Amino acid sequence: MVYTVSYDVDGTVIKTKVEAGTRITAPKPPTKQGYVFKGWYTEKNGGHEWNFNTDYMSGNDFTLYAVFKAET
Ligand SMILES: [Ca+2]
Ligand SMILES: [Ca+2]
């Protein structure tokens with residue numbers, strides 16, 4: 001089974017197809033001027049960080065959301 005992982009970077013979404021039960025290969029990390037990339041999360045707010053080393057592709061399409069933190 002192959003599903004789509006959508007990568008959403010502040011609403012810009014890129015779709016990649018991934019075989020269920022395999023590890024997902026992370027994209028090159030996004031960048032945002034004045035901000036720091038904090039990782040890919042299962043929700044834009046209130047989810048958890050996907051760990052591409054430990055995590056396995058689900059048997060469904062899903063979206064990973066880039067989270068950024070302002071530089072301080
Ligand atoms: Ca946004
Ligand atoms: Ca949420």
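For ligands, and for the atoms within them, numbers begin at 1 and follow the listed sequence. Start at 1 with the first residue, then count along the sequence. Only heavy atoms go into these numbers, but all of them, side chains included; no hydrogens, no water, no symmetry mates.
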Discussion item. Parallel, tilted or perpendicular: which one describes the rings of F62 and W50, with boundaries at 30° and 60°?
Written reply: tilted
Worksheet item: Taking only residues at least two apart or on different chains, which pairs with a member in residues 46-63 satisfy salt bridge (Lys or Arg N to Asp or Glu O under 4.0 Å)?
Response: none
Worksheet item: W40 and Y7: aromatic ring centres closer than 6.0 Å?
Response: yes
Discussion item. Less than 6.0 angstrom separating the ring centers of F68 and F37, yes or no?
Written reply: yes
Worksheet item: How many protein atoms of type N/O/S are positioned less than 3.0 Å from the Ca ion (ligand 2)?
Response: 2
Worksheet item: Heavy atoms, side chains only, cut-off 4.5 Å: are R23 and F52 in contact?
Response: no
Discussion item. Any non-hydrogen side-chain atom of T4 less than 4.5 Å from a side-chain atom of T16?
Written reply: no
